[PDB]
Amino acid sequence: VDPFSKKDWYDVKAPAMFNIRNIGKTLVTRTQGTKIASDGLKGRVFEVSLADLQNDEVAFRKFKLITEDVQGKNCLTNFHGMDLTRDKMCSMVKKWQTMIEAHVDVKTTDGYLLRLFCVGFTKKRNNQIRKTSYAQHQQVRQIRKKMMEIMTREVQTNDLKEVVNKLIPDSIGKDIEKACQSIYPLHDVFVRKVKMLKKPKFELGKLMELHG
Amino acid sequence: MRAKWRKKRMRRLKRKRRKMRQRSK
Amino acid sequence: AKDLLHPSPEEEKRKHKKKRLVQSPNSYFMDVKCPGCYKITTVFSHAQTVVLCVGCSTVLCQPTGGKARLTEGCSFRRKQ
Amino acid sequence: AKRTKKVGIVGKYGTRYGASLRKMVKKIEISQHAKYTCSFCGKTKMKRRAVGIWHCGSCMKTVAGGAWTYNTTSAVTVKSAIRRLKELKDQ
Amino acid sequence: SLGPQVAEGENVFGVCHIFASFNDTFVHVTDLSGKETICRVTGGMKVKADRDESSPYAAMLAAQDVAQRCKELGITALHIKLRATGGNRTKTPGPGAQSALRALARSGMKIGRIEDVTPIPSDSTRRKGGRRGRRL
Amino acid sequence: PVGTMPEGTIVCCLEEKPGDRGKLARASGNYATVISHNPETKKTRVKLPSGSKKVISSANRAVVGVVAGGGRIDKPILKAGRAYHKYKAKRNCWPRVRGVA
Amino acid sequence: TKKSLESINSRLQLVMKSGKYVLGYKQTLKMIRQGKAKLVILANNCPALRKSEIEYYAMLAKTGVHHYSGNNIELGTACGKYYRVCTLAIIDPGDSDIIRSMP
Amino acid sequence: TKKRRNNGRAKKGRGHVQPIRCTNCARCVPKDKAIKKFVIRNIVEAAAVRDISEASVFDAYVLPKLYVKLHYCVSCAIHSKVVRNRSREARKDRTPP
RNA sequence: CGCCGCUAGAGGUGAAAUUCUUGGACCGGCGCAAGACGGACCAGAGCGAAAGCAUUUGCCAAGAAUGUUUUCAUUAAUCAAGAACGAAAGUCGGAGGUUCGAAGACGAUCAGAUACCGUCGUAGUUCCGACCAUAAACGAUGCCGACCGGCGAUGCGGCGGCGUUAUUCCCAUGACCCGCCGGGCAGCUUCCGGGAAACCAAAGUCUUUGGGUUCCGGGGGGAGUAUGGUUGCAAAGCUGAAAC
RNA sequence: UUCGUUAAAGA
Ligand SMILES: [Mg+2]
Ligand SMILES: [Mg+2]
Ligand SMILES: [Mg+2]
Ligand SMILES: [Mg+2]
Ligand SMILES: [Mg+2]
Ligand SMILES: [Mg+2]
Ligand SMILES: [Mg+2]
Ligand SMILES: [Mg+2]
Ligand SMILES: [Mg+2]
Ligand SMILES: [Mg+2]
Ligand SMILES: [Mg+2]
Ligand SMILES: [Mg+2]
Ligand SMILES: [Mg+2]
Ligand SMILES: [Mg+2]
Ligand SMILES: [Mg+2]
Ligand SMILES: [Mg+2]
Ligand SMILES: [Mg+2]
Ligand SMILES: [Mg+2]
Ligand SMILES: [Mg+2]
Ligand SMILES: [Mg+2]
Ligand SMILES: [Zn+2]
Ligand SMILES: [Zn+2]
């Protein structure tokens with residue numbers, strides 16, 4: 001039989017200005033029969049880590065990609081979501097802290113609407129004797145309001161190019177760290193997940209605009 | 001024998017005797 | 001063998017309000033000098049309500065659990 | 001003077017058709033025979049018309065209610081969900 | 001055939017799922033998309049003993065077979081995902097993966113980074129054991 | 001019409017085909033659940049009172065709410081008299097004799 | 001908002017025993033025509049014709065209008081009498097400031 | 001007699017603690033009573049960490065850690081050798097190094 | 001459950017089999033539906049009269065504590081009868097049915113399983129209305145008030161301290177540090193004293209015996225049984241003796 | 001992984 005002798009190889013082209021436009025290579029069955037070769041490729045996704053897209057940045061903060069279409073033996077992909085690794089996410093959860101959650105839906109400039117999260121952990125200040133370091137829960141409610149508030153006025157006025165260019169240095173987490181210190185000194189605020197749930201249209205002209 | 005199942009078997013005997021009373025008053 | 005009849009003033013200040021002998025209150029009356037024209041207002045230290053001057057109509061004592069915090073730093077005195 | 005201790009309104013049926021069936025008919029006969037507070041004229045004149053139809057005495061404003069009460073709990077849940085979907089993001 | 005790449009020096013990647021249970025061991029090489037399965041050899045495909053199909057010996061035999069099939073089909077590097085029965089069962093990995101990582105690193109198969117994508121529930125759905133649970 | 005209302009909209013007296021003036025979910029105390037709209041290929045799933053999930057068109061109409069008179073089967077008929085009056089009101093569906101007898 | 005509602009109930013408690021007031025639609029009509037009334041209080045579920053008529057009379061006579069978010073039963077409870085009332089007019093508040101705070 | 005002043009668990013203020021399942025025998029035990037430890041393993045045994053580092057792609061830039069909330073009950077933990085017995089004057093001690 | 005890929009096995013145990021599979025099992029990738037569930041953060045921490053209470057947000061009322069030169073002026077403590085809540089299980093209707101799972105059916109080990117182990121699965125486990133009022137409902141320890149050692153911490157307020165740290169810079173709270181006050185869950189030591197001891201700052205202030213008040217025990221079985229009364233749809237709950 | 005019973009007394 002030997003189906004891998006028949007199977008075809010494509011290569012994946014990432015969207016623009018991460019650093020590069022190379023991800024890897026995928027297998028295609030063939031364009032045999034009624035089932036066209038470009039059918040399953042539109043549904044194939046990717047869950048790729050960093051240190052190959054961001055020019056030597058942190059190894060966590062993984063990205064979810066989805067192949068929009070294929071064009072001349074080069075399957076082109078586009079942003080679909082963003083996660084963090086399991087060891088990083090289960091790490092930095094100390095038994096003696098306060099874990100603060102946040103989650104918010106927001107529509108972009110274009111027809112995409114994304115649900116982005118936020119995680120926060122407290123910080124023992126230098127030269128502290130008390131080992132507990134909790135909060136009075138009103139600072140926790142106030143900072144849930146604040147972290148839900150900041151992400152709305154970033155992502156409401158900015159579509160996918162600007163929000164991925166903001167998630168490249170994690171400017172949102174640093175802005176929460178900036179606007180956080182008046183309430184409590186919270187430690188290593190990340191976003192931990194942002195995923196897509198609405199998609200307007202195919203729009204290969206908008207995809208060419210995403211390229212440049 | 002446990003006091004638990006001793007009480008439960010006396011309870012079942014009580015139920016049987018109550019049904020016997022309701023059968024032949 | 002503790003001198004209960006003549007205790008230390010530092011200990012009597014550090015004890016509780018009613019646990020001690022004379023049971024003196026920890027409150028006072030302070031003389032807020034609003035900088036508007038002239039008026040000096042006597043006000044209780046643990047002011048539970050807002051305090052409005054009759055001349056400038058500004059809030060001198062914000063209501064605060066414990067003792068009342070002030071506005072911009074008007075002076076005060078102690079009449080005991 | 002309290003005359004019936006257990007049957008209540010179902011004493012008109014007397015000795016027939018089971019204690020459990022009479023107990024289950026008791027609450028809904030109280031529900032169909034109770035006067036309800038009218039939400040329009042503010043009176044207590046909601047008299048039961050035919051099944052599904054409730055009729056206030058004053059001001060003659062006939063309302064379509066439940067079959068045995070004035071507001072079904074499922075109906076109140078439906079009305080809350082309908083107003084929530086109304087003011088949810090402007091349709 | 002030769003495969004996708006001529007004049008090597010660039011790594012062709014594959015996602016290798018390792019489902020390490022306390023009764024069987026799955027090594028499953030897939031492409032980066034996650035659909036196209038390249039190879040899959042279990043413990044029972046290499047060891048006749050059903051009591052010993054969960055052995056690190058079974059893990060070594062299955063992983064050598066998978067690495068041989070991957071060298072025949074022509075893929076160089078592997079990212080490794082690791083998981084166990086993590087829904088309500090024990091979240092610790094089985095005994096097979098600790099030797100399966102060695103048996104992948106031994107016979108070729110240059111390893112990238114390894115992540116423990118294990119199915120972790122949120123809030124501990126209903127457990128199989130019962131009130132007093134397993135007793136011997 | 002069901003294309004205007006959002007998902008989860010509890011309606012009744014909806015139409016099978018667009019323009020036949022109300023067919024589905026018409027008995028007392030019943031409703032349908034509107035889900036799964038489609039921009040292209042104008043269809044909409046409705047959960048009927050039987051639990052069936054029917055794909056209908058997006059142009060047919062439905063009155064929003066539930067049918068009044070709910071809970072009608074809560075009371076037992078409790079005697080043959082009210083059953084006789086009910087069936088005399090409806091139709092002669094009551095020569096209910098046992099086929100073994 | 002509950003501070004505002006309890007304030008409205010407290011002002012009505014003060015008008016009840018210190019102020020001068022009238023009760024009911026046919027008695028507020030004479031006050032709104034003579035101009036003696038300063039503030040009128042409508043219930044939530046007064047009928048819309050009477051509500052629009054009292055609002056039209058008040059915006060002819062320069063009289064403050066206050067709607068009361070509540071049934072006429074609890075409006076009668078708020079004015080402190082066991083019956084129900086849909087329309088009030090505060091023709092002379094004794095110590096209250098309903099005619100000062102709201103308009 | 002009283003064997004423990006704490007009666008096993010740490011419930012002294014409240015009156016009900018949520019039962020969280022055991023790991024081995026899957027018995028529901030209240031979480032202030034069950035043996036709740038936290039194992040930080042390396043994802044590769046150190047006998048093969050050097051083999052993977054020599055046969056890896058990157059030049060020793062990734063070292064992941066596997067974190068497990070290990071949650072035994074006190075009926076199987078004694079059999080699993082974690083919570084071995086102590087003496088009357090030795091029950092009052094604290095965490096070993 | 002629906003698509004895509006690969007292939008001979010995949011759960012399961014000390015061991016195997018009952019189960020599913022070349023009709024594609026299991027495994028991976030995407031999507032959909034369902035109901036239960038709120039880990040890690042979670043602690044000898046918090047609240048509540050207990051039973052109990054942990055995703056975000058809004059609304060509704062409630063309360064301990066605190067700071068009170070605030071108000072009333074003995075309005076108070078415990079309680080026969082009576083009354084309100086009351087885990088889980090169980091019962092009567094209505095909607096569904098993910099997982100687990102009484103009974104049940106098998107597959108195994110044993111001399112024998114009808115049990116401990118595995119597979120499937122009924123009632124139930126979920127929600128809204130009603131009933132039952134039981135538990136190792138435990139701190140196996142009634143409530144109110146006072147006194148009698150120390151120490152280190154923790155939670156909540158209040159107060160003081162040219163200390164540190166955050167905004168843009170006085171300015172107000174935020175975070176940490178030091179000390180005190182009140183009441184709270186707790187811990188270590190002690191020849192303060194008790195107790196039969198375990199142990200206890202209360203289980204002490206008890207032959208040097210008395211602050212107020214409530215309920216209960218009189219050797220072990222019979223027996224929380226019988227017989228009465230009463231509550232309940234029922235299971236049963238409350239009161240409850242004698243012979244020997 | 002499993003392995004049952006041994007009375008009355010006798011210091
Ligand atoms: Mg037992
Ligand atoms: Mg007979
Ligand atoms: Mg029925
Ligand atoms: Mg029939
Ligand atoms: Mg017949
Ligand atoms: Mg015949
Ligand atoms: Mg013992
Ligand atoms: Mg308890
Ligand atoms: Mg699958
Ligand atoms: Mg219950
Ligand atoms: Mg029945
Ligand atoms: Mg039921
Ligand atoms: Mg049995
Ligand atoms: Mg079983
Ligand atoms: Mg099962
Ligand atoms: Mg009892
Ligand atoms: Mg008592
Ligand atoms: Mg403090
Ligand atoms: Mg504050
Ligand atoms: Mg013997
Ligand atoms: Zn009316
Ligand atoms: Zn266990």
# chains A, B, ... in the order shown; residues from 1 in each chain; ligands from 1
>>> select_by_dssp(residues="region 8-85 of chain D", states="strand (DSSP E or B)", output="short mmCIF file (atom, residue, chain, number, x, y, z; two decimals) with C-alpha atoms, in the first residue's frame")
data_model
loop_
_atom_site.label_atom_id
_atom_site.label_comp_id
_atom_site.auth_asym_id
_atom_site.auth_seq_id
_atom_site.Cartn_x
_atom_site.Cartn_y
_atom_site.Cartn_z
CA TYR D 36 -54.78 37.88 43.51
CA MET D 46 -58.23 39.14 40.18
CA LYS D 47 -61.10 36.70 39.72
CA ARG D 48 -60.49 33.51 37.77
CA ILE D 53 -57.60 33.67 31.55
CA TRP D 54 -57.55 35.90 34.63
CA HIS D 55 -59.93 38.83 35.05
CA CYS D 56 -59.58 41.74 37.44
CA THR D 62 -58.33 41.00 31.30
CA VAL D 63 -54.92 39.29 31.48
CA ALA D 64 -53.67 35.98 30.07
#
>>> residues_around(residues="residue 2 (chain J)", least_positions_apart="5", cutoff="12 Å", atoms="only C-alpha atoms (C1' of nucleotides)", output="number ranges by chain")
I: 14, 109-110
>>> residues_near_ligand(ligand="ligand 13", cutoff="12 Å", atoms="only C-alpha atoms (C1' of nucleotides) and all ligand atoms", output="PyMOL selection string")
chain I and resi 102-104+113-116
>>> residues_near_ligand(ligand="ligand 5", cutoff="8 Å", atoms="only C-alpha atoms (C1' of nucleotides) and all ligand atoms", output="PyMOL selection string")
chain F and resi 96-98
>>> residues_near_ligand(ligand="ligand 18", cutoff="10 Å", atoms="only C-alpha atoms (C1' of nucleotides) and all ligand atoms", output="PDB file with N, CA and C atoms (P, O5', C5', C4', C3', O3' and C1' of nucleotides), in the first residue's frame")
ATOM      1  P     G I 155      -2.360  38.246  59.161  1.00  0.00           P
ATOM      2  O5'   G I 155      -3.945  38.312  59.231  1.00  0.00           O
ATOM      3  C5'   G I 155      -4.724  37.307  58.606  1.00  0.00           C
ATOM      4  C4'   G I 155      -6.138  37.300  59.122  1.00  0.00           C
ATOM      5  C3'   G I 155      -6.801  38.654  59.265  1.00  0.00           C
ATOM      6  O3'   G I 155      -7.281  39.152  58.033  1.00  0.00           O
ATOM      7  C1'   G I 155      -7.265  37.324  61.164  1.00  0.00           C
ATOM      8  P     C I 156      -7.269  40.726  57.736  1.00  0.00           P
ATOM      9  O5'   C I 156      -8.299  41.331  58.790  1.00  0.00           O
ATOM     10  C5'   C I 156      -9.694  41.105  58.660  1.00  0.00           C
ATOM     11  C4'   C I 156     -10.476  41.977  59.605  1.00  0.00           C
ATOM     12  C3'   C I 156     -10.018  43.417  59.685  1.00  0.00           C
ATOM     13  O3'   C I 156     -10.491  44.189  58.600  1.00  0.00           O
ATOM     14  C1'   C I 156     -10.441  42.582  61.864  1.00  0.00           C
ATOM     15  P     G I 157      -9.856  45.629  58.310  1.00  0.00           P
ATOM     16  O5'   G I 157     -10.759  46.608  59.172  1.00  0.00           O
ATOM     17  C5'   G I 157     -10.180  47.732  59.805  1.00  0.00           C
ATOM     18  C4'   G I 157     -10.933  48.119  61.047  1.00  0.00           C
ATOM     19  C3'   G I 157     -10.304  49.244  61.842  1.00  0.00           C
ATOM     20  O3'   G I 157     -10.647  50.514  61.330  1.00  0.00           O
ATOM     21  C1'   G I 157     -10.796  47.465  63.294  1.00  0.00           C
ATOM     22  P     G I 158      -9.491  51.539  60.911  1.00  0.00           P
ATOM     23  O5'   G I 158      -9.157  52.279  62.277  1.00  0.00           O
ATOM     24  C5'   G I 158     -10.205  52.706  63.131  1.00  0.00           C
ATOM     25  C4'   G I 158      -9.716  52.928  64.535  1.00  0.00           C
ATOM     26  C3'   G I 158      -8.362  53.592  64.665  1.00  0.00           C
ATOM     27  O3'   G I 158      -8.404  54.988  64.453  1.00  0.00           O
ATOM     28  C1'   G I 158      -8.479  51.766  66.139  1.00  0.00           C
TER      29        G I 158
END
>>> residues_near_ligand(ligand="ligand 17", cutoff="10 Å", atoms="only C-alpha atoms (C1' of nucleotides) and all ligand atoms", output="ChimeraX atom specification")
/I:142-143,214-215
>>> interface_residues(of="chain E", to="chain I", cutoff="8 Å", atoms="only C-alpha atoms (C1' of nucleotides)", output="number ranges by chain")
E: 17, 26, 28, 30, 33-40, 44-45, 51, 121-128, 130, 135-136
>>> closest_residue(among="I:120, I:172, I:191, I:210", to="residue 69 (chain C)", atoms="only C-alpha atoms (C1' of nucleotides)")
I:172
>>> atom_distance(atom1="atom 1 (Mg, counted along the ligand's line) of ligand 1", atom2="CA of residue 32 (chain H)")
24.7 Å
>>> select_by_dssp(residues="chain H", states="helix (DSSP H, G or I)", output="NGL selection string")
:H and (46-54)
>>> residues_around(residues="residue 58 (chain D)", least_positions_apart="4", cutoff="12 Å", atoms="only C-alpha atoms (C1' of nucleotides)", output="ChimeraX atom specification")
/D:37-47,62
>>> write_last_selection(atoms="C-alpha atoms", output="PDB file, in the first residue's frame")
ATOM      1  CA  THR D  37     -53.478  41.432  43.704  1.00  0.00           C
ATOM      2  CA  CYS D  38     -54.102  43.232  40.418  1.00  0.00           C
ATOM      3  CA  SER D  39     -50.927  44.806  39.058  1.00  0.00           C
ATOM      4  CA  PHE D  40     -52.828  47.577  37.241  1.00  0.00           C
ATOM      5  CA  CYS D  41     -55.545  48.944  39.537  1.00  0.00           C
ATOM      6  CA  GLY D  42     -53.731  47.883  42.713  1.00  0.00           C
ATOM      7  CA  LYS D  43     -56.755  45.987  44.038  1.00  0.00           C
ATOM      8  CA  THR D  44     -57.240  42.354  45.066  1.00  0.00           C
ATOM      9  CA  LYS D  45     -59.958  41.641  42.499  1.00  0.00           C
ATOM     10  CA  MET D  46     -58.231  39.140  40.185  1.00  0.00           C
ATOM     11  CA  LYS D  47     -61.098  36.697  39.719  1.00  0.00           C
ATOM     12  CA  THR D  62     -58.326  41.000  31.300  1.00  0.00           C
TER      13      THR D  62
END
>>> residues_near_ligand(ligand="ligand 1", cutoff="8 Å", atoms="only C-alpha atoms (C1' of nucleotides) and all ligand atoms", output="list in words")
residues 2, 4 and 5 of chain B
>>> write_last_selection(atoms="N, CA and C atoms", output="mmCIF file, in the first residue's frame")
data_model
loop_
_atom_site.group_PDB
_atom_site.id
_atom_site.type_symbol
_atom_site.label_atom_id
_atom_site.label_comp_id
_atom_site.auth_asym_id
_atom_site.auth_seq_id
_atom_site.Cartn_x
_atom_site.Cartn_y
_atom_site.Cartn_z
ATOM 1 N N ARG B 2 -22.218 -5.565 65.532
ATOM 2 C CA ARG B 2 -22.284 -4.127 65.740
ATOM 3 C C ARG B 2 -23.611 -3.726 66.371
ATOM 4 N N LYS B 4 -24.937 -1.010 65.463
ATOM 5 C CA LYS B 4 -25.603 -0.509 64.262
ATOM 6 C C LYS B 4 -26.521 -1.557 63.646
ATOM 7 N N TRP B 5 -25.972 -2.724 63.313
ATOM 8 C CA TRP B 5 -26.800 -3.729 62.665
ATOM 9 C C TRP B 5 -27.701 -4.457 63.652
#
>>> atom_distance(atom1="CA of residue 158 (chain A)", atom2="CA of residue 112 (chain A)")
10.6 Å
>>> residues_around(residues="residue 53 (chain H)", least_positions_apart="4", cutoff="10 Å", atoms="only C-alpha atoms (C1' of nucleotides)", output="compact mmCIF listing (two decimals) with C-alpha atoms, in the first residue's frame")
# COMPACT_ATOMS: atom_id res chain seq x y z
CA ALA E 105 17.10 10.26 22.28
CA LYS E 110 17.09 15.09 17.86
CA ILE E 111 14.77 16.46 20.54
CA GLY E 112 13.57 20.05 20.68
CA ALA H 48 18.98 10.56 30.74
CA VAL H 49 19.05 14.38 31.05
CA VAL H 57 18.64 20.51 19.07
CA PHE H 58 19.12 23.54 21.31
CA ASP H 59 22.34 24.15 23.24
CA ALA H 60 21.00 23.54 26.77
CA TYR H 61 18.35 26.27 26.85
CA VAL H 62 15.26 24.37 28.06
CA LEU H 63 14.77 22.50 31.36
>>> residues_near_ligand(ligand="ligand 16", cutoff="12 Å", atoms="only C-alpha atoms (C1' of nucleotides) and all ligand atoms", output="list in words")
residues 133, 134, 135, 136, 137, 224, 237 and 238 of chain I
